[PDB]
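Reviewing the structure listed below.
Number of protein chains: 2
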Amino acid sequence: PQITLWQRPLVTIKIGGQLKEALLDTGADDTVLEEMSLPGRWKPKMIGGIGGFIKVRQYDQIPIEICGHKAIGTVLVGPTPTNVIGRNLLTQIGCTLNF
Amino acid sequence: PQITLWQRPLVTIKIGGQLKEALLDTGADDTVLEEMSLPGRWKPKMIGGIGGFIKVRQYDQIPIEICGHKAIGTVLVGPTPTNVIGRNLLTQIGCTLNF
Ligand SMILES: CNc1nc2ccc(S(=O)(=O)N(CC(C)C)C[C@@H](O)[C@H](Cc3ccccc3)NC(=O)O[C@H]3CO[C@H]4OC[C@H](Cl)[C@H]43)cc2o1
Ligand SMILES: [Cl-]
Ligand SMILES: [Cl-]
Ligand SMILES: [Cl-]
């Protein structure tokens, strides 16, 4: 699809058996989601944005589906004010900026 | 151009006659630059990010070139970790997401 930027580019993702809304976010290196359970190993991480850093749990090799597109990658979970899909997963669905 | 997302989508912008690097950021409503001088009066704005809010100065109707594409609009100036070009200006240069 071609996604306009007149409005926030929100999509539905399927992850960990759950459906969530998230922002397609080219300024995010990493995908960051609000508190939720995910299976498998994790390690703590600090990530930084406008306003400073938050502590998150880093889960690797997590399957996700975005707009019918399956991908696998790292998902950071913690107290983000908004769910964002970062470049680590945007690449996998073949998402580009165009102008 | 078509810009893939395997690296940060960093482009050169020109503002007040000077070149800077900035991140094309579909997850940003607004454009926020590191401390700099701009002309005219400014209004207050609080903008919210992963780590909370920061206070910025809002300047309106500022000319800015983004990858050689001419835009004139609102620029916020304050203690951001990185220069970000948000949707207010990405729409002026005809940017979309595509996959
Ligand atoms: C109301 N108007 C307004 N304009 C905004 C502009 C930017 C921002 S923002 O807080 O920087 N942010 C909003 C998102 C997180 C919902 C834009 C987002 O792309 C920010 C842009 C950014 C880039 C580097 C450092 C700091 C910030 N991305 C971000 O926080 O990414 C996190 C998660 O992945 C990493 O990649 C960069 C930073 Cl270090 C980490 C908010 C704004 O609000
Ligand atoms: Cl990854
Ligand atoms: Cl590619
Ligand atoms: Cl504007």
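Top line first, the protein sequences correspond to chains W and Y.
Take the position in the first sequence, starting the count at 1, then add 17; the result is the number in my numbering.
Take the position in the second sequence, starting the count at 1, then add 17; the result is the number in my numbering.
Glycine is no exception: its CB is placed at the ideal position from the N, C-alpha and C atoms.
Chain W contact residues for residue i, given Cβ-Cβ distances below 8 Å
i: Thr-97 (chain Y); result: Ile-67
i: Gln-19 (chain Y); result: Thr-113, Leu-114 and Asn-115
i: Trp-59 (chain Y); result: Within 8 Å Cβ-Cβ: nothing; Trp-59 (chain Y) doesn't reach chain W, min ~18 Å.
Nearest candidate by alpha-carbon position, reference residue i, set the options
i: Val-92 (chain Y); options: Y:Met-53, Y:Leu-22, Y:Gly-44 and Y:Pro-26; result: Y:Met-53
i: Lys-31 (chain Y); options: Y:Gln-109, Y:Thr-21, Y:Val-73 and Y:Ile-81; result: Y:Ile-81
i: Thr-29 (chain W); options: W:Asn-115, W:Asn-105 and W:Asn-100; result: W:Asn-100
i: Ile-89 (chain W); options: W:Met-63, W:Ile-71, W:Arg-25 and W:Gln-109; result: W:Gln-109
i: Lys-37 (chain Y); options: Y:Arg-104, Y:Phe-70 and Y:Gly-85; result: Y:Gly-85
i: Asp-46 (chain W); options: Y:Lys-87, Y:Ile-67, Y:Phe-116 and Y:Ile-83; result: Y:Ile-67
i: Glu-51 (chain W); options: W:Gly-95, W:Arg-104 and W:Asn-115; result: W:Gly-95
Cβ-Cβ separation, residue j to residue i (assumed contact under 8 Å), whole Å
i: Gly-111 (chain Y); j: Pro-98 (chain W); result: The pair is not a contact, with the Cβ atoms about 29 Å apart (cut-off 8 Å).
i: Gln-75 (chain W); j: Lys-60 (chain W); result: 5 Å
i: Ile-20 (chain W); j: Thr-113 (chain Y); result: 6 Å
i: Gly-44 (chain Y); j: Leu-40 (chain W); result: 5 Å
Partners in chain Y for residue i, counting only beta-carbon separations shorter than 7 Å
i: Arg-104 (chain W); result: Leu-22
Chain Y contact residues for residue i, given Cβ-Cβ distances below 8 Å
i: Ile-89 (chain W); result: Here the premise fails: no neighbours, minimum Cβ distance about 16 Å.
i: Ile-81 (chain W); result: Correct list: empty, because the minimum Cβ distance to chain Y is about 14 Å.
Partner residues on chain W for residue i, Cβ-Cβ distance less than 7 Å
i: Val-101 (chain Y); result: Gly-44
i: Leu-107 (chain Y); result: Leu-22
For the segment 27-53 of chain W, list every residue whose C-beta sits within 9 Å of some C-beta in chain Y, in sequence order. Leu-40, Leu-41, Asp-42, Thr-43, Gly-44, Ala-45, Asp-46 and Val-49
So if I measure from each beta-carbon to every heavy atom of ligand 4 and keep distances below 6 Å, which residues remain? Y:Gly-90, Y:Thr-91 and Y:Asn-105
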